[PDB]
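Take a look at this single chain, the form deposited without the partner chain, given in structure tokens.
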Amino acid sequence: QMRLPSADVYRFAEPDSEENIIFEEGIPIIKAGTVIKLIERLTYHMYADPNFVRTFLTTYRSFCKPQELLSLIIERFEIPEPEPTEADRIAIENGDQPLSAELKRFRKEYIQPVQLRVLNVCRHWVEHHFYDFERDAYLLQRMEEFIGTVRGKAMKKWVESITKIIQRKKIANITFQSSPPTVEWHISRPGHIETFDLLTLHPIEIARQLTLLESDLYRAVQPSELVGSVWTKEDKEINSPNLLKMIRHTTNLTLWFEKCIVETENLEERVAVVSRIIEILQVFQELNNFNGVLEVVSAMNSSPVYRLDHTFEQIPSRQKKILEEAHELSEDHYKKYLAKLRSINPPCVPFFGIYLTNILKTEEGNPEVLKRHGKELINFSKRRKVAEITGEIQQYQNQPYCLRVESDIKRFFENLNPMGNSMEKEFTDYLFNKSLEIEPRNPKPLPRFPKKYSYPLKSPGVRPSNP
């Protein structure tokens, strides 16, 4: 086994003990440790663990400042070389070239792997966690300096590469290669944005364009918006803007569905509206857009809509079944949703809410540190649990949809604003009052209302066409 530098000149050579590292019960899994031990294992000479690097870089800010992390890995990089051994000494004294066997081994099996793994931390940091550097220009200067002054031919290729990667990141296309299906049109024709509405756009294309929009919103959310539960805190608009944009879209679509339903006073027309919404749900299911699925289900379970017995009675049985199957995804703490998500073939759009609750509860329900033998150790298993969730999120962010954007329909849904200038409570009360108007509480009898739509109500259906 290789001898190490003295722990006095090089801090990362301290022997493992339960006072500085605790393992979980073919590489070890770390339950807790000092920062020094975490960094040693982050850059361990015996094995690589790129997943550990992702976990660490995603979650470290809860126990180490970015400036301090950089100081520590630079310290890790600077490894002293051992002096010549007795055999080398004797060779040198006789004017011969020493074999330097121990030195060569230490360079090859300790220094070069540890240094390369420090550089891999720097590479991952810059490529996937660049916000540290966006938010602290001095941190970036320090990284540029460190990388730019690493000498020696062994590291040279990666040093030159990481220098270029940093420069690219500072100033900063899909193959399928089957073509996307043809865009489908119903009553509203291309370019006639003024007529776009729930019933005039093709239900297939409504679902497709919402899926592209909701996929883009899903794919834009970074772990920085999630770790530390920052989307729930005072500065959430600063720290979690992509997440909040995503959630607000979902909320607005749900409210739009409710509004379309309760503002359609005529029973027959309202049945057509609900039936069209369930057709859109069916296409969401086909596209694996689970956010879209739950947008619809949330609308149908809302107070204004849920109580509309006369409308429900006229919905075709096959659509009742579709809605029921969709709702059952959410039953028993999303048991069937979770199984379905894990079984489909991506691309998909997950429901984000579950991830948020699990991240928040993991962070709230586990201690930052473990106290052992008089020492405070960083609770790393807590951070690993958070990173397993952010890792799952990222895994579903990779696969793009093979669907063509329609710029006008996209804009129409980007600009949807069912609440107008009203506050939430005011709008929400309005919707419920509309519900009460169109279908009064028993024993009040059911009124009749005039029709509002001048165009045909018959759906073109949700099976795609192909000339």
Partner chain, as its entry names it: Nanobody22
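Positions refer to the first chain, counted from 1. Basically, rigid core = biggest C-alpha set you can superpose within 1.5 Å across the two forms.
What comes next is about the form deposited with the partner chain bound, which is not displayed.
Student: At 4.5 Å by heavy atoms, is each residue in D197, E214 and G461 next to the partner chain in the entry with it bound?
Tutor: Not a single listed residue reaches the partner chain in the entry with it bound, so no.
Student: Can you check whether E265 is within 4.5 Å of the partner chain in the entry with it bound, heavy atom basis?
Tutor: Close contact exists here: in the entry with it bound, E265 approaches the partner chain to within 4.5 Å, heavy atoms only.
Student: In the entry with it bound, does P447 have a heavy atom within 4.5 Å of the partner chain?
Tutor: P447 belongs to the contact set for the partner chain.
Student: Can you work out whether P440 and the partner chain are in contact in the entry with it bound, taking contact to mean some heavy atom pair no more than 4.5 Å apart?
Tutor: Yes, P440 sits close enough to the partner chain in the entry with it bound that at least one of its heavy atoms falls within 4.5 Å.
Student: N433 near the partner chain in the entry with it bound, any heavy atom under 4.5 Å?
Tutor: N433: yes, in contact with the partner chain in the entry with it bound.
Student: Pick from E263, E392, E75, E184: whose Cα moves by 2 Å or more between this form and the one not shown, rigid core superposed?
Tutor: Single hit from the list, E75.
Student: Does superposing the core leave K236 with a CA shift of 2 Å or more between this form and the one not shown?
Tutor: Shift at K236: below 2 Å after core fit.
Student: My question is whether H249 is one of the residues whose C-alpha shifts by 2 Å or more between this form and the one not shown, given a fit on the rigid core.
Tutor: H249: C-alpha displaced by less than 2 Å between this form and the one not shown.
Student: When you overlay the rigid core, is the Cα of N51 off by 2 Å or more between this form and the one not shown?
Tutor: True for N51: a C-alpha shift of 2 Å or more.
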